[PDB]
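Below is coords.cif, which holds mmCIF, C-alpha atoms.
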data_target
#
loop_
_atom_site.label_atom_id
_atom_site.label_comp_id
_atom_site.auth_asym_id
_atom_site.auth_seq_id
_atom_site.Cartn_x
_atom_site.Cartn_y
_atom_site.Cartn_z
CA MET Y 1 84.59 123.26 91.41
CA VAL Y 2 85.51 119.82 92.67
CA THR Y 3 89.26 119.57 93.45
CA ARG Y 4 91.14 116.26 93.14
CA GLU Y 5 91.66 115.94 96.84
CA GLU Y 6 88.02 116.34 97.41
CA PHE Y 7 86.80 113.96 94.70
CA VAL Y 8 89.11 111.21 95.86
CA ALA Y 9 88.14 111.85 99.39
CA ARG Y 10 84.66 111.67 98.48
CA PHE Y 11 84.56 108.68 96.23
CA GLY Y 12 87.85 106.95 97.10
CA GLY Y 13 85.98 104.48 99.37
CA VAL Y 14 83.11 103.60 97.03
CA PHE Y 15 85.27 100.72 95.89
CA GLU Y 16 86.51 99.79 99.29
CA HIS Y 17 90.18 100.61 100.00
CA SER Y 18 90.52 101.37 96.26
CA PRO Y 19 91.26 105.15 95.95
CA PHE Y 20 93.12 104.50 92.64
CA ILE Y 21 89.66 103.96 91.04
CA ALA Y 22 88.75 107.53 92.06
CA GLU Y 23 92.19 109.01 91.15
CA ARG Y 24 91.97 107.69 87.58
CA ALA Y 25 88.32 108.72 87.27
CA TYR Y 26 89.44 112.20 88.24
CA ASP Y 27 92.13 112.23 85.53
CA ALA Y 28 89.47 111.12 83.03
CA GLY Y 29 87.55 114.33 83.74
CA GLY Y 30 85.68 113.44 86.95
CA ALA Y 31 85.31 117.11 87.98
CA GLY Y 32 83.06 117.72 84.93
CA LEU Y 33 80.58 115.01 86.03
CA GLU Y 34 77.10 115.86 87.19
CA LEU Y 35 77.20 114.78 90.85
CA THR Y 36 74.56 112.08 90.61
CA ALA Y 37 74.81 108.43 91.47
CA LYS Y 38 74.28 107.52 87.75
CA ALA Y 39 77.04 109.83 86.49
CA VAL Y 40 79.63 109.10 89.20
CA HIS Y 41 78.90 105.36 89.14
CA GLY Y 42 79.31 105.18 85.36
CA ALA Y 43 82.66 106.98 85.72
CA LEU Y 44 83.93 104.81 88.58
CA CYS Y 45 82.82 101.52 86.93
CA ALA Y 46 84.59 102.65 83.78
CA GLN Y 47 87.90 102.70 85.63
CA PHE Y 48 87.10 99.44 87.43
CA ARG Y 49 86.41 97.76 84.13
CA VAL Y 50 89.59 98.94 82.51
CA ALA Y 51 91.93 98.14 85.41
CA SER Y 52 94.28 95.15 85.05
CA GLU Y 53 92.93 91.73 86.15
CA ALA Y 54 95.42 91.89 89.09
CA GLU Y 55 93.96 95.27 90.09
CA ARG Y 56 90.38 94.02 89.90
CA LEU Y 57 91.45 90.99 91.98
CA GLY Y 58 92.88 93.47 94.52
CA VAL Y 59 89.51 95.22 94.75
CA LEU Y 60 87.70 91.96 95.48
CA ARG Y 61 90.18 91.05 98.14
CA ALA Y 62 89.92 94.45 99.87
CA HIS Y 63 86.13 94.30 100.03
CA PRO Y 64 84.67 93.71 103.52
CA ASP Y 65 82.99 90.43 104.38
CA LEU Y 66 79.35 90.21 105.26
CA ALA Y 67 79.81 89.97 109.08
CA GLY Y 68 81.92 93.11 108.92
CA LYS Y 69 79.15 94.93 107.09
CA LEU Y 70 76.53 93.73 109.59
CA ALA Y 71 78.66 94.92 112.48
CA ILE Y 72 79.03 98.36 110.99
CA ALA Y 73 75.23 98.44 110.60
CA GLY Y 74 74.86 97.39 114.29
CA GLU Y 75 76.72 100.61 115.20
CA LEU Y 76 74.12 102.81 113.60
CA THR Y 77 70.70 101.00 113.60
CA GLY Y 88 65.50 90.72 108.43
CA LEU Y 89 69.33 91.03 108.38
CA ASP Y 90 69.05 93.37 111.36
CA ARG Y 91 67.60 90.60 113.63
CA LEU Y 92 70.17 87.80 113.19
CA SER Y 93 71.05 85.18 115.78
CA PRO Y 94 74.42 84.96 117.46
CA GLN Y 95 74.29 81.56 115.67
CA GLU Y 96 73.30 83.08 112.26
CA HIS Y 97 76.06 85.70 112.52
CA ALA Y 98 78.43 82.78 113.18
CA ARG Y 99 77.15 80.86 110.14
CA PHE Y 100 77.90 83.89 107.94
CA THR Y 101 81.44 83.98 109.26
CA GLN Y 102 81.87 80.25 108.61
CA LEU Y 103 80.40 80.38 105.09
CA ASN Y 104 82.62 83.30 104.32
CA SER Y 105 85.71 81.38 105.56
CA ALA Y 106 84.79 78.39 103.40
CA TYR Y 107 84.25 80.61 100.36
CA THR Y 108 87.44 82.61 100.65
CA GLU Y 109 89.33 79.33 101.20
CA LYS Y 110 87.97 78.20 97.80
CA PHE Y 111 88.20 81.49 95.79
CA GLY Y 112 90.81 83.60 97.60
CA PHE Y 113 88.60 86.63 98.22
CA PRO Y 114 85.57 87.26 100.46
CA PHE Y 115 81.98 86.39 99.62
CA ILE Y 116 80.71 89.60 98.11
CA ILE Y 117 77.01 90.26 97.74
CA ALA Y 118 74.75 93.32 97.44
CA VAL Y 119 72.38 92.94 100.32
CA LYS Y 120 69.75 95.74 99.97
CA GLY Y 121 66.31 94.11 100.25
CA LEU Y 122 67.73 90.65 100.99
CA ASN Y 123 66.83 88.43 103.88
CA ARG Y 124 68.92 85.70 105.53
CA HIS Y 125 67.52 83.02 103.20
CA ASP Y 126 68.39 85.02 100.07
CA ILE Y 127 71.98 85.05 101.24
CA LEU Y 128 72.21 81.37 102.15
CA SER Y 129 70.70 80.63 98.74
CA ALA Y 130 73.35 82.66 96.95
CA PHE Y 131 76.17 81.03 98.95
CA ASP Y 132 74.72 77.64 98.07
CA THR Y 133 74.64 78.34 94.32
CA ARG Y 134 77.93 80.28 94.23
CA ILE Y 135 80.27 78.01 96.24
CA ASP Y 136 79.75 75.47 93.43
CA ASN Y 137 80.93 77.75 90.62
CA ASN Y 138 84.42 77.76 89.11
CA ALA Y 139 86.97 80.58 89.52
CA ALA Y 140 85.95 82.36 86.26
CA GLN Y 141 82.19 82.38 87.03
CA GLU Y 142 82.69 83.70 90.59
CA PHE Y 143 85.03 86.35 89.32
CA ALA Y 144 82.33 87.50 86.91
CA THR Y 145 79.68 87.41 89.70
CA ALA Y 146 81.88 89.03 92.41
CA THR Y 147 82.96 91.89 90.14
CA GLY Y 148 79.29 92.38 89.16
CA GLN Y 149 78.35 92.55 92.83
CA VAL Y 150 81.12 95.04 93.70
CA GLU Y 151 79.64 97.31 91.07
CA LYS Y 152 76.33 96.88 92.50
CA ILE Y 153 77.50 97.84 95.90
CA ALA Y 154 79.19 100.92 94.35
CA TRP Y 155 75.83 101.91 92.98
CA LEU Y 156 74.07 101.38 96.29
CA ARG Y 157 76.72 103.41 98.11
CA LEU Y 158 76.55 106.30 95.63
CA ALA Y 159 72.74 106.24 95.68
CA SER Y 160 72.79 107.00 99.45
CA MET Y 161 75.20 109.92 98.99
CA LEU Y 162 73.93 111.57 95.80
CA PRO Y 163 70.74 112.27 93.90
CA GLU Y 164 70.21 109.39 91.47
CA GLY Y 165 70.02 111.18 88.09
CA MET V 1 84.65 74.23 121.47
CA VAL V 2 85.79 77.42 119.80
CA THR V 3 88.91 76.85 117.66
CA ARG V 4 91.48 79.61 117.08
CA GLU V 5 90.62 79.98 113.45
CA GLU V 6 87.05 80.45 114.31
CA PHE V 7 87.53 82.92 117.17
CA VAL V 8 89.79 85.12 115.10
CA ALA V 9 87.43 84.88 112.23
CA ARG V 10 84.70 85.81 114.38
CA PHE V 11 86.14 88.63 116.36
CA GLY V 12 89.16 89.60 114.24
CA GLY V 13 87.20 92.54 112.73
CA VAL V 14 85.71 93.94 115.93
CA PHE V 15 88.74 96.20 116.04
CA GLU V 16 88.78 96.97 112.39
CA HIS V 17 91.62 95.37 110.38
CA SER V 18 93.16 94.38 113.75
CA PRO V 19 93.08 90.52 113.92
CA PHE V 20 96.14 90.57 116.25
CA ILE V 21 93.76 91.81 119.01
CA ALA V 22 91.74 88.60 118.58
CA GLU V 23 94.84 86.33 118.19
CA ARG V 24 96.29 87.51 121.51
CA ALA V 25 92.90 87.33 123.23
CA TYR V 26 92.74 83.73 122.07
CA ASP V 27 96.16 82.96 123.56
CA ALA V 28 94.98 84.53 126.82
CA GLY V 29 92.25 81.89 127.04
CA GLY V 30 89.57 83.33 124.74
CA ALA V 31 88.00 79.89 124.09
CA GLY V 32 87.00 79.67 127.79
CA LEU V 33 84.98 82.93 127.59
CA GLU V 34 81.22 82.96 127.87
CA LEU V 35 80.18 84.15 124.40
CA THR V 36 78.52 87.36 125.49
CA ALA V 37 79.26 90.89 124.44
CA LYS V 38 80.40 91.73 128.04
CA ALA V 39 82.82 88.80 128.27
CA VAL V 40 84.29 89.03 124.75
CA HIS V 41 84.52 92.84 124.90
CA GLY V 42 86.35 92.75 128.24
CA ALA V 43 88.80 90.24 126.72
CA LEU V 44 89.36 92.19 123.50
CA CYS V 45 89.74 95.57 125.29
CA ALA V 46 92.26 93.92 127.59
CA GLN V 47 94.52 93.20 124.62
CA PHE V 48 93.87 96.64 123.12
CA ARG V 49 94.88 98.27 126.35
CA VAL V 50 98.08 96.32 126.71
CA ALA V 51 99.27 96.69 123.10
CA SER V 52 102.19 99.05 122.41
CA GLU V 53 101.36 102.74 121.74
CA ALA V 54 102.44 102.14 118.09
CA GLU V 55 99.98 99.23 117.87
CA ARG V 56 97.12 101.26 119.35
CA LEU V 57 97.99 104.06 116.88
CA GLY V 58 97.75 101.44 114.10
CA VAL V 59 94.24 100.52 115.24
CA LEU V 60 93.08 104.13 115.11
CA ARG V 61 94.51 104.57 111.67
CA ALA V 62 92.84 101.41 110.32
CA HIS V 63 89.42 102.43 111.60
CA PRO V 64 86.92 103.50 108.90
CA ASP V 65 85.85 107.11 108.58
CA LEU V 66 82.30 108.20 109.14
CA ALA V 67 81.33 108.50 105.42
CA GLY V 68 82.56 104.96 104.91
CA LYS V 69 80.34 103.74 107.74
CA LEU V 70 77.33 105.62 106.36
CA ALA V 71 77.87 104.11 102.93
CA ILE V 72 77.98 100.61 104.33
CA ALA V 73 74.70 101.39 106.13
CA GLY V 74 73.22 102.66 102.81
CA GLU V 75 73.80 99.15 101.41
CA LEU V 76 71.57 97.53 103.97
CA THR V 77 68.92 100.07 105.19
CA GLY V 88 68.56 111.03 111.46
CA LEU V 89 71.95 109.85 110.07
CA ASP V 90 70.03 107.77 107.53
CA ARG V 91 68.51 110.90 105.85
CA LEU V 92 71.62 113.01 105.16
CA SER V 93 72.03 115.48 102.32
CA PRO V 94 74.47 114.99 99.47
CA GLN V 95 75.81 118.24 101.03
CA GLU V 96 75.86 116.85 104.62
CA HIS V 97 77.64 113.67 103.46
CA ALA V 98 80.19 115.99 101.82
CA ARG V 99 80.63 118.02 105.02
CA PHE V 100 81.43 114.81 106.91
CA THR V 101 84.09 113.96 104.36
CA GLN V 102 85.58 117.46 104.63
CA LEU V 103 85.56 117.51 108.44
CA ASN V 104 87.17 114.13 108.45
CA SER V 105 89.92 115.34 106.05
CA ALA V 106 90.59 118.36 108.26
CA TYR V 107 90.75 116.19 111.38
CA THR V 108 93.04 113.52 109.99
CA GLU V 109 95.28 116.31 108.62
CA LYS V 110 95.61 117.56 112.23
CA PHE V 111 95.82 114.22 114.15
CA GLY V 112 96.99 111.65 111.58
CA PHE V 113 94.08 109.23 111.98
CA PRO V 114 90.37 109.42 111.09
CA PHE V 115 87.67 111.05 113.18
CA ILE V 116 86.36 108.15 115.21
CA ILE V 117 83.03 108.35 116.97
CA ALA V 118 80.42 105.88 118.24
CA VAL V 119 77.28 106.92 116.46
CA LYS V 120 74.42 104.79 117.91
CA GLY V 121 71.60 107.17 118.87
CA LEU V 122 73.39 110.24 117.49
CA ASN V 123 72.00 112.74 115.06
CA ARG V 124 73.87 114.99 112.62
CA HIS V 125 74.11 117.81 115.18
CA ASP V 126 75.62 115.52 117.84
CA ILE V 127 78.40 114.72 115.40
CA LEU V 128 79.10 118.29 114.30
CA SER V 129 79.20 119.21 118.00
CA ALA V 130 81.79 116.54 118.74
CA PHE V 131 83.94 117.57 115.75
CA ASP V 132 83.75 121.15 116.96
CA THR V 133 84.94 120.32 120.49
CA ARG V 134 87.47 117.67 119.42
CA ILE V 135 89.34 119.44 116.57
CA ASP V 136 90.51 121.89 119.25
CA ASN V 137 92.11 119.28 121.50
CA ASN V 138 95.80 118.40 121.58
CA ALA V 139 97.29 115.09 120.38
CA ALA V 140 97.20 113.45 123.85
CA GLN V 141 93.54 114.33 124.56
CA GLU V 142 92.34 113.09 121.14
CA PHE V 143 94.30 109.92 121.55
CA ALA V 144 92.53 109.31 124.85
CA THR V 145 89.12 110.14 123.27
CA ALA V 146 89.69 108.18 120.01
CA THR V 147 90.86 105.05 121.83
CA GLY V 148 87.83 105.37 124.14
CA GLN V 149 85.56 105.58 121.11
CA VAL V 150 87.15 102.57 119.37
CA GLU V 151 86.29 100.58 122.47
CA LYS V 152 82.89 101.82 122.38
CA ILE V 153 82.43 100.78 118.84
CA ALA V 154 83.82 97.33 119.77
CA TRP V 155 81.09 97.07 122.35
CA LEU V 156 78.39 98.14 119.94
CA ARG V 157 79.61 95.64 117.34
CA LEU V 158 79.74 92.76 119.84
CA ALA V 159 76.31 93.69 121.23
CA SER V 160 74.76 93.12 117.75
CA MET V 161 76.42 89.71 117.40
CA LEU V 162 76.11 88.25 120.90
CA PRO V 163 73.80 88.21 123.90
CA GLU V 164 74.91 91.02 126.22
CA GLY V 165 75.61 89.17 129.50
#
Would it be possible to restate this file's structure as C-alpha cells?
Amino acid sequence: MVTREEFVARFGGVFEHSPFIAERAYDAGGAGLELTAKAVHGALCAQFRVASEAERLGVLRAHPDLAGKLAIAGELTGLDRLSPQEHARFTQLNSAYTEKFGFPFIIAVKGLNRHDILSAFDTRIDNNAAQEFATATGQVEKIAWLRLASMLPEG
Amino acid sequence: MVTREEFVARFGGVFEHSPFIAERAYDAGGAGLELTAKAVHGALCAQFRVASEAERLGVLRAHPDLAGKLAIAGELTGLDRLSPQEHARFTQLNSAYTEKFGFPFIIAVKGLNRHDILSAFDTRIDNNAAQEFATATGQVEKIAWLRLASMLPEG
C-alpha cells in the first residue's frame, strides 16, 4: 500500500518544487493508481490543470532553467557536447526570456539538439503572455511525463 | 568583460539555489577570473567556506535529492538503468537520511553505480551530525566542480 508520505516523496518533485500537486493527487485517490507513468502522469496533470492560475504560475516560476538542467546532467554523464560559449548563450537567452515573461524558458529537451532549442527560443520570445503561458504549461507537463517515464513502467 | 548580472546568472546555480555565493564571489573580484572550472570553482568554494554555518546549512538544505537529479537526467538521456523499485529505494533512503540529519543525502555521482551509492548511504547514516556536515559540505563542493567542469575548460 502506498502511504501519503511515500507518494508525495516519490512524486512531489515531478512538478519541480511543487509537492502540493502530489498532495492533492493523493487526496483524489492516488494510492489506488496503477504505478505506471501513464496513470500517475494523468493524475498529476489533473491536479496541475485544476490549480488556480496563480498556482500554475508558481509552478512555471519554480521550474529549473536549461543551464541548471545541463549542469545536473554533467554530474552524471548533442546537448552533452556544448561549448563554454553555447552554455553561456543558453544562460543569456534564458535571462532575456524571463525578463519578458517572468518565468524561465521551459522546454522538454529529450531528443533535441542545440539548434532545436535556439529555434524554439526564436519562435517563442516573439509570442504574447497568453501564448507562452499555454506553451510553457504544455512543456511542464511534458517534462512530467518524461520524468515519470524514467521512474515507472509506461503503461 | 563579465558584468555582475551575467556572472551571477551564470554561476548562481552552481551551488543550487544559492546565488549569494556567486554575488559575493563577484564582489571579491570574480570578473578578473580566468573562466576555467579550476579558477571559478576556487572562487566559489572560497565564498562557501567563509559563509556563516547557518548559510552553509542553507546550501545543504537547498540541494536536490538524488531522485530529483535522476529525473532531470531522464529528461535528457548504471544509474541510467534503475528499477522502478530502485528509484523508490533511493527516495526512501533519502527520507530516512533527511529525517536524521535535516538535509538531503548529498553525493557526487559521476562514475558511481547503484552499489556505490547504497554503500555510501550505509556508512553515512551511521555518522553523527558533525561528521555528515563535513562530508555533505565536501560533496557539495565536489558537485560544484563537476558542474563547472561541464560548462568551462578545466584549467
**OP:** Starting from the displayed file, determine the output of the PyMOL selection byres ((chain V) within 7 of (chain Y)) and express the residue list as JSON, numbers by chain.
**Re:** {"V": [9, 10, 13, 68, 69, 71, 72, 73, 74, 75, 76, 77, 94, 97, 101, 119, 120, 153, 156, 157, 160, 161, 162]}
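Contact shell of residue V:130 at 9 Å (only C-alpha atoms; same-chain neighbours under 5 positions omitted): residues 117, 125 and 135 of chain V.
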Could you do a least-squares fit of chain Y on chain V over every C-alpha atom, in sequence order, and give the output as a compact mmCIF listing (two decimals) with C-alpha atoms, in the coordinates of the input?
# COMPACT_ATOMS: atom_id res chain seq x y z
CA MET Y 1 84.65 74.23 121.47
CA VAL Y 2 85.79 77.42 119.80
CA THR Y 3 88.91 76.84 117.65
CA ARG Y 4 91.48 79.61 117.08
CA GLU Y 5 90.62 79.98 113.45
CA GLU Y 6 87.05 80.45 114.31
CA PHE Y 7 87.52 82.92 117.17
CA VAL Y 8 89.79 85.11 115.10
CA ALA Y 9 87.44 84.88 112.23
CA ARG Y 10 84.70 85.81 114.38
CA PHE Y 11 86.15 88.64 116.36
CA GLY Y 12 89.17 89.60 114.23
CA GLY Y 13 87.20 92.54 112.73
CA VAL Y 14 85.71 93.94 115.94
CA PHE Y 15 88.74 96.20 116.04
CA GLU Y 16 88.78 96.97 112.39
CA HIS Y 17 91.62 95.36 110.38
CA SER Y 18 93.16 94.38 113.75
CA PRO Y 19 93.07 90.52 113.93
CA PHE Y 20 96.14 90.57 116.26
CA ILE Y 21 93.77 91.82 119.02
CA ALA Y 22 91.75 88.60 118.58
CA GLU Y 23 94.84 86.33 118.19
CA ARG Y 24 96.29 87.50 121.51
CA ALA Y 25 92.90 87.32 123.23
CA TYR Y 26 92.74 83.73 122.07
CA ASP Y 27 96.17 82.96 123.56
CA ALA Y 28 94.98 84.53 126.82
CA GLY Y 29 92.25 81.89 127.04
CA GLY Y 30 89.57 83.33 124.74
CA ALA Y 31 88.00 79.89 124.09
CA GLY Y 32 87.00 79.67 127.79
CA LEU Y 33 84.98 82.93 127.59
CA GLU Y 34 81.22 82.95 127.87
CA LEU Y 35 80.18 84.15 124.40
CA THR Y 36 78.52 87.37 125.49
CA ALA Y 37 79.26 90.90 124.44
CA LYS Y 38 80.40 91.73 128.03
CA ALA Y 39 82.82 88.80 128.26
CA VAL Y 40 84.29 89.04 124.74
CA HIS Y 41 84.51 92.84 124.90
CA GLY Y 42 86.35 92.75 128.24
CA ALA Y 43 88.80 90.24 126.72
CA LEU Y 44 89.36 92.19 123.50
CA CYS Y 45 89.74 95.57 125.29
CA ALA Y 46 92.26 93.92 127.59
CA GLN Y 47 94.52 93.20 124.63
CA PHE Y 48 93.87 96.63 123.12
CA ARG Y 49 94.88 98.27 126.35
CA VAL Y 50 98.08 96.32 126.70
CA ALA Y 51 99.26 96.70 123.10
CA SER Y 52 102.19 99.05 122.41
CA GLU Y 53 101.35 102.73 121.74
CA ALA Y 54 102.44 102.14 118.09
CA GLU Y 55 99.98 99.24 117.87
CA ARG Y 56 97.12 101.26 119.34
CA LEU Y 57 97.99 104.06 116.88
CA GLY Y 58 97.75 101.44 114.10
CA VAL Y 59 94.23 100.52 115.24
CA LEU Y 60 93.08 104.14 115.10
CA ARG Y 61 94.51 104.57 111.66
CA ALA Y 62 92.84 101.41 110.32
CA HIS Y 63 89.42 102.43 111.60
CA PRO Y 64 86.93 103.50 108.89
CA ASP Y 65 85.85 107.11 108.58
CA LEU Y 66 82.30 108.20 109.13
CA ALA Y 67 81.32 108.50 105.42
CA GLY Y 68 82.56 104.96 104.91
CA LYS Y 69 80.35 103.74 107.73
CA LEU Y 70 77.33 105.62 106.36
CA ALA Y 71 77.87 104.11 102.93
CA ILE Y 72 77.98 100.61 104.33
CA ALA Y 73 74.70 101.39 106.13
CA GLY Y 74 73.21 102.66 102.81
CA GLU Y 75 73.80 99.15 101.41
CA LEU Y 76 71.57 97.53 103.97
CA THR Y 77 68.91 100.08 105.18
CA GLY Y 88 68.56 111.03 111.46
CA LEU Y 89 71.95 109.84 110.07
CA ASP Y 90 70.03 107.77 107.53
CA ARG Y 91 68.51 110.90 105.85
CA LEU Y 92 71.62 113.01 105.16
CA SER Y 93 72.03 115.48 102.31
CA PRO Y 94 74.47 114.99 99.48
CA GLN Y 95 75.81 118.25 101.02
CA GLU Y 96 75.86 116.84 104.62
CA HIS Y 97 77.64 113.67 103.46
CA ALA Y 98 80.19 116.00 101.82
CA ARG Y 99 80.63 118.02 105.03
CA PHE Y 100 81.44 114.80 106.92
CA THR Y 101 84.09 113.96 104.36
CA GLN Y 102 85.58 117.46 104.63
CA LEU Y 103 85.56 117.51 108.45
CA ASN Y 104 87.17 114.13 108.45
CA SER Y 105 89.92 115.34 106.05
CA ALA Y 106 90.59 118.36 108.26
CA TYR Y 107 90.75 116.19 111.38
CA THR Y 108 93.04 113.52 109.99
CA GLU Y 109 95.28 116.30 108.62
CA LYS Y 110 95.61 117.56 112.23
CA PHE Y 111 95.82 114.22 114.15
CA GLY Y 112 96.99 111.65 111.59
CA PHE Y 113 94.08 109.24 111.99
CA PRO Y 114 90.37 109.42 111.09
CA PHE Y 115 87.67 111.05 113.18
CA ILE Y 116 86.36 108.15 115.20
CA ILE Y 117 83.03 108.35 116.98
CA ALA Y 118 80.42 105.87 118.25
CA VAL Y 119 77.29 106.92 116.46
CA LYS Y 120 74.42 104.79 117.91
CA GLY Y 121 71.60 107.17 118.87
CA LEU Y 122 73.39 110.24 117.49
CA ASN Y 123 72.00 112.74 115.06
CA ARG Y 124 73.88 114.99 112.62
CA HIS Y 125 74.12 117.81 115.18
CA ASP Y 126 75.62 115.52 117.84
CA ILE Y 127 78.39 114.72 115.40
CA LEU Y 128 79.10 118.29 114.30
CA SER Y 129 79.20 119.20 117.99
CA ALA Y 130 81.79 116.54 118.74
CA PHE Y 131 83.94 117.57 115.75
CA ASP Y 132 83.75 121.16 116.96
CA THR Y 133 84.93 120.32 120.49
CA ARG Y 134 87.47 117.68 119.42
CA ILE Y 135 89.33 119.44 116.57
CA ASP Y 136 90.51 121.90 119.25
CA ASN Y 137 92.11 119.28 121.51
CA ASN Y 138 95.81 118.40 121.58
CA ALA Y 139 97.29 115.10 120.37
CA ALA Y 140 97.20 113.45 123.85
CA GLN Y 141 93.53 114.33 124.56
CA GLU Y 142 92.33 113.09 121.14
CA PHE Y 143 94.30 109.92 121.55
CA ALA Y 144 92.53 109.31 124.85
CA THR Y 145 89.12 110.14 123.27
CA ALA Y 146 89.70 108.18 120.01
CA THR Y 147 90.87 105.05 121.83
CA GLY Y 148 87.83 105.37 124.14
CA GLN Y 149 85.56 105.59 121.11
CA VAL Y 150 87.15 102.57 119.38
CA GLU Y 151 86.29 100.58 122.47
CA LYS Y 152 82.88 101.83 122.38
CA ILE Y 153 82.43 100.78 118.84
CA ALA Y 154 83.82 97.33 119.77
CA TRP Y 155 81.10 97.07 122.36
CA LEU Y 156 78.39 98.14 119.94
CA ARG Y 157 79.61 95.64 117.34
CA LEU Y 158 79.74 92.76 119.83
CA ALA Y 159 76.31 93.69 121.22
CA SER Y 160 74.76 93.12 117.75
CA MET Y 161 76.42 89.70 117.40
CA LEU Y 162 76.11 88.24 120.91
CA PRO Y 163 73.81 88.21 123.90
CA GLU Y 164 74.91 91.02 126.22
CA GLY Y 165 75.61 89.17 129.50
Original post:
If you measure from atom CA of residue Y:127 to atom CA of residue V:8, what distance in Å do you get, rounded to one decimal?
Top reply: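 Those two atoms sit 22.6 Å apart.
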Original post:
What is the distance between atom CA of residue V:55 and atom CA of residue V:112, in Å to one decimal?
Top reply: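 Atom-to-atom, atom CA of residue V:55 to atom CA of residue V:112, that is 14.2 Å.
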Subject >> Distance of atom CA of residue V:45 from atom CA of residue V:22, expressed in Å to one decimal place >> reply: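 Value for the atom CA of residue V:22-atom CA of residue V:45 distance: 9.9 Å.
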**OP:** Using all atoms listed in the file, find the one residue out of V:147, V:123, V:3, V:108 that sits nearest to residue V:49.
**Re:** V:147
Original post:
On this structure, which residues satisfy the PyMOL selection byres ((chain Y and resi 146) around 8), written as a list in words?
Top reply: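 With the shown file as input, the PyMOL selection byres ((chain Y and resi 146) around 8) matches residues 60, 115, 116, 117, 142, 143, 144, 145, 147, 148, 149 and 150 of chain Y.
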Subject >> Nearby residues (only C-alpha atoms) at most 8 Å from residue V:165, same-chain spacing under 4 positions excluded, as a PyMOL selection string >> reply: chain V and resi 36-39
